[PDB]
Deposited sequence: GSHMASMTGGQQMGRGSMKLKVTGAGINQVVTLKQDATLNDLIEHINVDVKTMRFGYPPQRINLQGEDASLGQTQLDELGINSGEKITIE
């Protein structure tokens, strides 16, 4: 479970325990330019790796633009 907000969408998204950035972008039915997440907040530009790697976990919120 990730919550996903921005680019006109607001939705919890469920996905593989081991899941990967690509599969996340695919579950979001929107052109995604940037992702922001965690504390302190880190930024990703989407203009590949297992979500797990960057620090994203279940019950966490992703802000997209």
message = So, counting the deposited sequence from position 1, which segments are absent from the coordinates?
response = 1 to 18, 66 to 72
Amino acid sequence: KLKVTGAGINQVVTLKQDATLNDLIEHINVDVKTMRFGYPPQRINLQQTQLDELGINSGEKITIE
From here on, numbers count along this sequence of modelled residues.
remark   = Per the PDB entry, mean CA B-factor is higher for 17 to 25 or 38 to 46, namely for 17 to 25
query = Which is higher in the entry, the mean Cα B factor of 49 to 57 or that of 5 to 13?
reply = 49 to 57
